[PDB]
Structures are given as C-alpha cells and as structure tokens.
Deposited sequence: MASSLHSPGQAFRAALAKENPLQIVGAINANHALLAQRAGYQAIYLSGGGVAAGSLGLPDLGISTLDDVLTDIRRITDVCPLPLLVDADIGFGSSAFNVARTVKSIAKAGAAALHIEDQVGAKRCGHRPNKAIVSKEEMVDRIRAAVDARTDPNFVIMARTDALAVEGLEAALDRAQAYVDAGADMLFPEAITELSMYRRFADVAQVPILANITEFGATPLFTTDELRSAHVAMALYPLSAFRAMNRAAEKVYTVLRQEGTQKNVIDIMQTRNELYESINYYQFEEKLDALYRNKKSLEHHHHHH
C-alpha cells in the first residue's frame, strides 16, 4: 500500500512513465481521470501558483507540505515532490524535510545539487543525509543534477555515478538536449532516469516513443496543465471585464456535471442515500 511502492509499481507498468504536474488537488484528480499513474508537485508551481511568487526561494517547506497533504488526502496516485535543495543548509533540515514530506503523503522526492551548483562531494553528503532520514525504504530518493547548465556532459555523468553510489534511487538530469544523453546517464547510473520535458526549457519536446528509445524511465511534464490553466483563466477575466458578462466565455468552461464528476460528487451523495 506504501505510496513509495505505488510509485515504483507505476514505473514497472509504464515505460516511460508519464508523470504530470498537478497544481492542486482538483487537477490531481483530473490527471487520475485522464489515466496517469503518477503525479508531480512542482516547487516553482507552489511558489508561482499557490503563493503567486517567483521561484526565488521565497516559499517555505510548510507551503509545500500543505499542497502535498491536500493533493494526497484525496488522490491516491503516487506523488513525486520537488524538494528543491532540502529547505535548510543544516543536515538536520534536509532530514526533517525528507521525513516531513514523506509523512505528508509523498511517494517520492528529488533533491538537487544547486547552491551555480555545489561540488560532487557536497551533493553526495546531501543525498546521504536524505537516504539516512528516510524511514520507509520504498520511499524514493531521486537525485537531480543541474550540471548541464554550467558543465559538460562528461562532468555531469561523473556526478551521476557519485550520486547513485551515494544512495540515490533514481536520476533527474536537468536540461538534457540530446536523446543520446539520456541513454548515457542510464548506462552509467544503472538506475531509472527521468526526463524533464517542460516547455520553454532547453530540452526539446521529445515524445514518449523517442524517450523510450533512449531508455528513459520517466517523462515529466511539471507545469503543462498549470500553463493552460492560467491562459484560460486570464481570458475569462479579460472578456468578463470588457463585456460586463461572461456569456462569450461560457463555451470554454467546464460544466457543472464535469466538475461534479471530477470530484466524485455523486459518489458522496450515494453514501448519504445508503443512510
């Protein structure tokens, strides 16, 4: 039943496993109804969406925990969580963070080597503090590297090896621009590799068939839905403010039955009927 076991189970059943970001509980339920087997909580999303703040280390662990509980309290899909760099320079912080996130209901989390990026040894220690704090061995500790933004592939691969040896269960190579690169991290790391297919990034919009050819274990789409959600919302605000009526925007609105079906409204009423 362990959410961590659920995540790993998802991986074994889907390759590459599509993991979509869910900005809130409602969207996690939509993703589930769409067929997805796992979801994601973006840190930049918590900041930009939940707090309306830029992703400049302004949001706190508590902001993230709150969204983790909301999402997992109602959606059973294993949730991968963006734990940034650990929320705290102290090892105690990295540890309290890992335990808090797991306790909030997350199935997995990824911690990065950013400060520019810290040294291999540094990250290796962070990873160790994380693996140590974990209680449920099935809970996934993913190690993310942003080395490709400031270093070369070879250097990034060197880290990838040290991060795995450090205990990292899976690898998250950021900003990969070539399909062949994914293959090299896989062959070198020997653990599941996640491809971050976020739009407006350096990484091309690879298809799942392309990622599969590169042995990619996971395809992540962190803010996709959020992005379309914002545009549609903005449209409603503009049209409504210009015409003094939302009449010409009704057509792009989820209906009552659709909303109700996504949140299992009828099922709740059913239980009441039974009484």
Chain regions without C-alpha coordinates, deposited sequence numbering | 1-5, 121-131, 292-305
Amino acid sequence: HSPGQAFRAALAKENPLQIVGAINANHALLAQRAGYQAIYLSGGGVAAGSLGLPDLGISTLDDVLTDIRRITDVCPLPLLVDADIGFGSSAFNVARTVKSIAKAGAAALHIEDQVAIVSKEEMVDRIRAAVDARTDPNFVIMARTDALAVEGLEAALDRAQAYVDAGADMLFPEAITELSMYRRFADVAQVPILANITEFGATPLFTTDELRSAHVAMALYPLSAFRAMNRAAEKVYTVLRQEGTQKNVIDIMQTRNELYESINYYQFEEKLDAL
From here on, numbers count along this sequence of modelled residues.
Should the higher mean CA B-factor in the entry be assigned to 72-80 or to 162-170?
-> 162-170
On average, are the C-alpha B-factors higher in 216-224 or in 53-61?
-> 53-61
Residue set 101, 142, 157, 194, per-entry CA B-factor max assigned to 157
Using the B-factor values recorded in the entry, state whether the Cα atom of residue 243 falls in the lowest, middle or highest third among the modelled residues of its chain.
-> highest
The third of the chain into which the C-alpha temperature factor of residue 249 falls is the highest
Taking the values exactly as deposited, rank residue 133 by C-alpha B-factor within its chain and report the matching third: lowest, middle or highest.
-> highest
Split the chain's modelled residues into thirds by Cα B-factor; is residue 111 in the lowest, middle or highest one?
-> middle
If you rank the chain by CA B-factor, which third does residue 204 end up in: lowest, middle or highest?
-> middle
